[PDB]
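Presented below is the structure to which this report refers.
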Amino acid sequence: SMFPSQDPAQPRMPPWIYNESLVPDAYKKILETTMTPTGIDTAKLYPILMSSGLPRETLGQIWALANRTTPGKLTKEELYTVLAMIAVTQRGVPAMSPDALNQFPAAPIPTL
């Protein structure tokens, strides 16, 4: 997918996060799920995911761990960061570091 090259400007983050070429079904799903016509809405994300068996603690953290824009409005790519960490959490894999996202060739879709 992506190999490492010493470019002193290019980010070396997970390929699937910044792939703006296609938007995931998980995202359009999330529109139906918790999102609004006005964009991201964690408000519904809490009860649904906590009902999915996920912690309202981790759920809030997951919204907030958007690269390094915690108080920032989640953009589509940042919403890939949330989707994937939710997916891995459901799979019993906690979010420990960006290195762990690096270990996934492909990002899972959250089951809801």
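For the reader, a short list of remarks on this structure follows.
- Close Cβ contacts (under 9 Å, 6 or more residues apart or on different chains) running from residues in region 29-53 that are more than 16 Å from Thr89 (Cα to Cα) to residues that are of a type in the set (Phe, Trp, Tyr) and assigned to a helix (DSSP H, G or I) comprise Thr34/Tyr46; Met35/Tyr27; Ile40/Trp63; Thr42/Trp63.
- Scanning region 95-110 for residues being in contact with a helix residue (DSSP H, G or I) (Cβ under 9 Å, 6 or more places away or on another chain), aliphatic (A, V, I, L, M) and exposed (fewer than 12 other Cβ atoms within 10 Å of the Cβ) gives a total of 1.
- Residue among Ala95, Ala107 that is within 15 Å of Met13 (Cα to Cα), among the hydrophobic types (A, V, I, L, M, F, W, C) and in a loop (DSSP other than H, G, I, E, B): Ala107
- Among the residues making up region 55-92, those that are surrounded by 17 or more Cβ atoms within 10 Å (Cβ to Cβ), aliphatic (A, V, I, L, M) and in a helix (DSSP H, G or I) are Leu59, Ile62, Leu79, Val82, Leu83, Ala84, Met85, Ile86, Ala87, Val88.
- When residues of region 26-41 are limited to those that are of a type outside the set (D, E, K, R) and assigned to a helix (DSSP H, G or I), the one surrounded by the fewest Cβ atoms within 10 Å (Cβ to Cβ): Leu31
- Take the conditions (1) within 13 Å of the chain's Cα centre (by Cα); (2) surrounded by 15 or more Cβ atoms within 10 Å (Cβ to Cβ); (3) outside any loop (DSSP other than H, G, I, E, B); (4) not acidic (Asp, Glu); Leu49 misses just one of them, which is (1).
- Single residue of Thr34, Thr89, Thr42 found to be farther than 22 Å from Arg12 by Cβ and in contact with a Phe, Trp or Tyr (Cβ under 7 Å, 6 or more places away or on another chain): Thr42
All of the numbers you see were taken from the coordinates with simple rules; none came from a lab. Here Cβ is always computed from backbone atoms with ideal geometry, including for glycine, and neighbour counts include all displayed protein chains.
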